[PDB]
Protein chains: 2
Amino acid sequence: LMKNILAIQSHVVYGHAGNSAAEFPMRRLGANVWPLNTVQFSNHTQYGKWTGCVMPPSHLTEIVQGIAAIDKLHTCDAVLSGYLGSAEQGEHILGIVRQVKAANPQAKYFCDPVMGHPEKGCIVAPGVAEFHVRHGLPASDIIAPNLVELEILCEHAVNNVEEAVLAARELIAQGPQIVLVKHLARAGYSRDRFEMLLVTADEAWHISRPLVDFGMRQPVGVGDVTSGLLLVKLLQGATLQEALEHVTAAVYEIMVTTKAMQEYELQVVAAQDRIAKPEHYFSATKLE
Amino acid sequence: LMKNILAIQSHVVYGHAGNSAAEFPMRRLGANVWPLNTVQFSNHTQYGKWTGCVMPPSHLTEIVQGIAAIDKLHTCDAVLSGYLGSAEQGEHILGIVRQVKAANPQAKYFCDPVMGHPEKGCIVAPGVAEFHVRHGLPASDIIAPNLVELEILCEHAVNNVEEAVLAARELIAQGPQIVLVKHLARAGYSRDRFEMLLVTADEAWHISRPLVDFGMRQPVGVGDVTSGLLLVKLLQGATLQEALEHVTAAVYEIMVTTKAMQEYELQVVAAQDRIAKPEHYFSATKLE
């Protein structure tokens, strides 16, 4: 049967971020996405102004009760959490993860611990970061921090690839079995490449692909697409390396299409065929 | 050169209805969808049970103001509405249409004047039907009533294809340039099958596809998908026949898959390759 993902993250009406950047690509790969939006904003925060609102934390809980009411909660294969409108939403999310697993013990919680990166245009409410460290980390099965988020979660600096894997294993020891370091940035081998790491307790896979220049405007929603596709790939039975490889290539395809069109918002619709079947291939490298 | 559609309809976390039924199919065809969700419900209301909240009409208007503030509203090619919860809701949508049209005078308003079914009767709240008769119709550029909606809009009975065409031209005289009679039902040319008409001032195309038996649990959102796909085909420059033949075939592909999987929910993700490229061919007929 197709895999079902309850994706709890942001929704932007115009443009792409949160569920708005990841639902289409995930559905384009053949999985169902139940989009429980944490916010409904006009546009993403990098513009510096946005209208709309944050969904109350109880509404998240109420939505899930409604799906439990039609007896479909047992068909959920995983809960993904991303951008949170407030830390209180987090605790209700952990309540949701518990109810889904009680309906389907095989369900996994995929935590993308989205924290504020205001310098890059990403604005997250105070409190959320604390929730991820204290509570999100330990309840997760899969956790996908970018470099900064990884440092915050492990509570110490991370400066190179060997340190990123050790930090990732420190996280694994708290609960998750899979850690995706979604963007190595400074801690990778090269600052001229987009690098990622996929780590478990027994294995470590590194991957690299070229950068796409967007002037001084950092792309928004890259991690959202990356996390969501990785979860679909893993649920569909892919090994760690084929999941890493398809996501890396699919995202590169979106980036080049985005640049080709002179757009900064992620062109997930224009690049759809290359999300499903990328032309480019970047092999993952096993580390030890 | 992608087409951008601002779709102002409902959102359901589980399943498909409103924007949740139409967004993926439209994006699968290559158009961008800005989903301005009017609600976030657990599941659609035809289950007879659901949780969630309704967004106030004022929230729609604020979202739009947010999009205009980032100077992107002139990039909207069309506004799409369907099921309405209140007449106040419709008026905020016509306020949005005027705002879009001022920013981009080439923008079109596609109104699916959802009001009732041929068996269930009236299905919208009081005020909605009057809203479409008096305000929705004249503001629309493209309108897609089923047989009962056509009768309400034209203010008289329609019994056959010849008078469905006549009625559609009366609506056209009031504003819209294109009329999709989305379900001929009783007035069709051969009951026991699904028929539709696509009309303009000087053209009328007819088409048919087989009825698919779902017994006492008829899947929701067929109308939502048909309207969204027609708008996409028209914005992309399809002729009336091409639009009509692709939309008919694509919706039938979703239905056959829905039936084959013994599903209550429209299977828009499972049938995706056949939405973009239907295997079924249905011939439209040009009516002198």
# chains A, B, ... in the order shown; residues from 1 in each chain; ligands from 1

call {"tool": "interface_residues", "arguments": {"of": "chain B", "to": "chain A", "cutoff": "6 Å", "atoms": "only C-alpha atoms", "output": "list in words"}}
result
residues 13, 14, 34, 35, 36, 42, 50, 51, 52, 63, 66 and 67 of chain B

call {"tool": "write_last_selection", "arguments": {"atoms": "C-alpha atoms", "output": "CSV table (one decimal), in the first residue's frame"}}
result
chain,number,residue,atom,x,y,z
B,13,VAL,CA,-6.0,16.9,6.7
B,14,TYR,CA,-7.0,13.4,5.9
B,34,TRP,CA,-1.6,29.3,-4.0
B,35,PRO,CA,-3.9,27.4,-1.6
B,36,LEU,CA,-5.8,29.9,0.5
B,42,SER,CA,-9.8,16.6,10.1
B,50,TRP,CA,-15.2,15.9,11.7
B,51,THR,CA,-13.1,18.3,13.8
B,52,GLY,CA,-11.2,21.4,13.0
B,63,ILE,CA,-3.7,36.8,3.4
B,66,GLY,CA,0.1,40.0,2.7
B,67,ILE,CA,0.7,38.8,-0.9

call {"tool": "calpha_fit_rmsd", "arguments": {"fixed": "chain A", "moving": "chain B"}}
result
1.3 Å

call {"tool": "closest_residue", "arguments": {"among": "B:75, B:146, B:227, B:218", "to": "residue 265 (chain B)", "atoms": "only C-alpha atoms"}}
result
B:218

call {"tool": "residues_around", "arguments": {"residues": "region 198-211 of chain A", "least_positions_apart": "6", "cutoff": "6 Å", "atoms": "only C-alpha atoms", "output": "list in words"}}
result
residues 177, 178, 179, 180, 284, 285, 286 and 287 of chain A

call {"tool": "write_last_selection", "arguments": {"atoms": "N, CA and C atoms", "output": "tab-separated table (two decimals), in the first residue's frame"}}
result
chain	number	residue	atom	x	y	z
A	177	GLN	N	17.05	6.74	15.81
A	177	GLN	CA	17.99	5.71	15.34
A	177	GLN	C	18.70	6.18	14.08
A	178	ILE	N	18.14	7.23	13.49
A	178	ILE	CA	18.67	7.78	12.26
A	178	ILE	C	18.82	9.29	12.37
A	179	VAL	N	20.00	9.82	12.04
A	179	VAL	CA	20.23	11.24	12.05
A	179	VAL	C	20.62	11.73	10.65
A	180	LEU	N	19.88	12.69	10.12
A	180	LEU	CA	20.27	13.25	8.83
A	180	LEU	C	20.81	14.65	9.13
A	284	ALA	N	26.61	8.44	-2.80
A	284	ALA	CA	26.92	8.65	-1.39
A	284	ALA	C	28.23	7.87	-1.12
A	285	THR	N	28.99	8.33	-0.15
A	285	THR	CA	30.24	7.70	0.24
A	285	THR	C	30.15	7.19	1.66
A	286	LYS	N	30.46	5.91	1.84
A	286	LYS	CA	30.42	5.28	3.14
A	286	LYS	C	31.65	5.68	3.95
A	287	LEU	N	31.47	6.11	5.19
A	287	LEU	CA	32.59	6.52	6.02
A	287	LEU	C	32.88	5.59	7.19

call {"tool": "residues_around", "arguments": {"residues": "residue 229 (chain B)", "least_positions_apart": "6", "cutoff": "8 Å", "atoms": "only C-alpha atoms", "output": "mmCIF file with N, CA, C and O atoms, in the first residue's frame"}}
result
data_model
loop_
_atom_site.group_PDB
_atom_site.id
_atom_site.type_symbol
_atom_site.label_atom_id
_atom_site.label_comp_id
_atom_site.auth_asym_id
_atom_site.auth_seq_id
_atom_site.Cartn_x
_atom_site.Cartn_y
_atom_site.Cartn_z
ATOM 1 N N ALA B 22 -8.322 19.421 -5.310
ATOM 2 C CA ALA B 22 -7.820 20.101 -6.460
ATOM 3 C C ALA B 22 -6.358 20.496 -6.543
ATOM 4 O O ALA B 22 -5.807 20.389 -7.648
ATOM 5 N N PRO B 25 -3.738 17.634 -8.252
ATOM 6 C CA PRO B 25 -4.013 17.442 -9.677
ATOM 7 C C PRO B 25 -3.621 18.617 -10.537
ATOM 8 O O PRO B 25 -3.052 18.450 -11.626
ATOM 9 N N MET B 26 -3.893 19.852 -10.093
ATOM 10 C CA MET B 26 -3.525 21.043 -10.872
ATOM 11 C C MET B 26 -2.001 21.188 -10.970
ATOM 12 O O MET B 26 -1.480 21.590 -12.014
ATOM 13 N N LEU B 29 -0.364 18.774 -13.453
ATOM 14 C CA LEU B 29 -0.525 19.306 -14.760
ATOM 15 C C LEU B 29 0.438 20.478 -15.034
ATOM 16 O O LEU B 29 0.407 21.041 -16.131
ATOM 17 N N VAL B 247 -9.620 16.992 -19.335
ATOM 18 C CA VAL B 247 -10.276 16.996 -18.023
ATOM 19 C C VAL B 247 -11.158 15.781 -17.809
ATOM 20 O O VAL B 247 -11.056 15.038 -16.843
#

call {"tool": "select_by_dssp", "arguments": {"residues": "region 37-278 of chain A", "states": "strand (DSSP E or B)", "output": "PyMOL selection string"}}
result
chain A and resi 37-41+52-54+78-81+108-111+117+122+142-143+178-181+193-199+204-210

call {"tool": "atom_distance", "arguments": {"atom1": "CA of residue 232 (chain B)", "atom2": "CA of residue 277 (chain B)"}}
result
14.4 Å

call {"tool": "residues_around", "arguments": {"residues": "region 84-95 of chain B", "least_positions_apart": "2", "cutoff": "8 Å", "atoms": "only C-alpha atoms", "output": "list in words"}}
result
residues 8, 9, 56, 57, 58, 60, 61, 81, 82, 97, 98, 99, 114, 124, 125, 126, 127, 128, 130, 131, 136 and 139 of chain B

call {"tool": "residues_around", "arguments": {"residues": "region 159-164 of chain A", "least_positions_apart": "5", "cutoff": "9 Å", "atoms": "only C-alpha atoms", "output": "ChimeraX atom specification"}}
result
/A:147,150-151,169,181,184,186-189,197,206

call {"tool": "select_by_dssp", "arguments": {"residues": "region 87-271 of chain B", "states": "alpha helix (DSSP H)", "output": "ChimeraX atom specification"}}
result
/B:87-103,128-131,137-139,147-154,161-174,222-235,240-260

call {"tool": "atom_distance", "arguments": {"atom1": "CA of residue 176 (chain A)", "atom2": "CA of residue 230 (chain A)"}}
result
14.9 Å
